[PDB]
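Below sits a lone chain in structure tokens, taken as the form deposited in one PDB entry.
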């Protein structure tokens, strides 16, 4: 009967911090071939979204590509879709930042010759109040998933039309991405998509199905270049989709200029379905997966999927404390820097979402993406006057201590081993502790043997000046892996503190539990210096007992595929050119240095691999009753 309207869109994005070859590959593998083929089919209509950095990379490297986009826009083949310039997850940044973020990209769209009216929701993380924000930015529609609607209570059958939604008395139009099309396109043969769309036709001329997904899926994703281009999937699809009398191709704006949204509906906090898995704590994510698989295993996932639920994106801040700290620190800086445009631009760049979470691969686990966020938090803050302060930054209920001078910002957590969790260099714009601890993930456990022997999961978070207590006969390999016997209770327990001039005095009354609790007291005087910091230690035991006290210092060493190593040293240097640079650790007394890379499990189609998140340096000093020494970190 009536034709079925079809909306085709792509979303192109490269997170800040990506290697140059990555942009080049995505452009050659996807961005360019895709538009060249679109140019060949005058009747094809595409709704495309480009992230700000991407458009900036293109203007600098591939200017001609922009002339092609202007042309296609001019011939009615492209509707430019926007969002937050630097791909922030809108719901996770200040409302003020949402405005400027979107307008920066609206300005760019405008320069391609198109007044953007729609927004691609980054990671489709929805919150009711985004309505107000999108509305203030002049946006008339946002792109979400069918799953957001199913979660609200509607059945898939009533999701082939866009809907209105309101908040604060403001209303905006919402289009749902048909999950099926995300799997049919472009991975399955063309006929599979044509058959599906044709079966959707009804007596309702306004019915519409929506496809909108990653542009990189058409060429970059493993295997897609061969399938989409070498084997002609795109050319065959564009020909089929434009030569079908039951399928009416149109852009989002064209649809709204002809059909009114079906009605009013309210959406919960959600994202696309797959995200319901990743955003759950590892244990629960595993259960979620078992549940989904067992439903499919009993051929009943299809009729019951509308009731399946999982986590929400913001909970990555719970799953990864390092992401939460990163996030809250940028929120802190965004506020203090809001009236300074030059400074503010840096904080807006720090809101690029990728490094804040982890799906099946990458994200927060890629040091280069993480350092880029930190790099920007630091550059924005550098415009502010240094000022020490006590406050609960990551909201765990126990204040942090921020000590800072003209060249550094150190964040101490008295509650957790009185350690330094953040040592940011204002000169290098690097956080020396921009590392991650080794954690189990629901998708772990197949993994090869060569890697299993190097796998280990931490019980300790990782910071700087982490006080240990091990047996003289303890081995590096036992320590490296988490097998060793930690005699003390100072690594993850609270420390008393006293503020001083340019630093803090920390001390803890604990004990060295071996054969009997032997009460101990660790003291550390941390003071910021112009090129780092210095810590004067004074360990004390209540009763004699041969042992080894160790001060651990984790470092965001990224470009140094370091390996386990133990050596004798009073002072040693570290040279990490592409990461934290050059630094020196000086002791006033020699010690046994234990070094090892922090390895994290990374899954790819090329099997399992390892990502070095940083390196741990532990300076061991023997102790029986009294121990006194000084450690100095120096930035070169």
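Positions refer to the first chain, counted from 1. For clarity, a rigid core is taken as the largest C-alpha set superposing within 1.5 Å between two forms. Residues that one form lacks are left out of the comparison.
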What size is the break between residue 445 and residue 446 in terms of deposited sequence residues left without coordinates: none, 1 to 3, 4 to 9, or 10 or more? 10 or more
Quick one: higher average CA temperature factor, 388 to 396 or 264 to 272? 388 to 396
So which stretch wins on mean C-alpha B-factor, 69 to 77 or 467 to 475? 467 to 475
Among the candidates 590, 44, 54, 580, give the one with the maximum CA B-factor reported in the record. 590
Candidate set 220, 528, 116, 364 [ranked by C-alpha B-factor, highest]: 528
Within this chain, which third does the Cα B-factor at residue 189 fall in: lowest, middle or highest? middle
Is the Cα B-factor recorded for residue 554 in the lowest, middle or highest third of its chain? middle
Chain third (lowest, middle, highest) by recorded CA B-factor, residue given as residue 19: middle
Relative C-alpha B-factor of residue 572, binned into the chain's lowest, middle or highest third: highest
In terms of the CA temperature factor given in the entry, to which third of its chain does residue 255 belong: lowest, middle or highest? middle
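Separately, the form deposited in another entry exists; it is not shown, and the next lines address it.
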With the core superposed between the shown form and the other one, a CA shift of at least 2 Å among 402, 256, 269, 194 belongs only to 194
Large Cα shift (2 Å or above) at residue 571 between the shown form and the other one, core-fitted: no
Comparing between the shown form and the other one on the rigid core, is the C-alpha shift at residue 609 2 Å or larger? yes
Hey, the CA atoms of residue 178 and residue 195 end up closer or farther in that other deposited form than in the shown form, with the change being 3 Å or more? closer
Please say whether the CA atoms of residue 356 and residue 605 come closer or move farther apart in that other deposited form, knowing the change relative to this form is 3 Å or more. closer
If I superpose on the rigid core and flag every C-alpha moving 2 Å or more, which consecutive runs of 3+ residues come out between the shown form and the other one, in sequence order? 187 to 200, 602 to 609
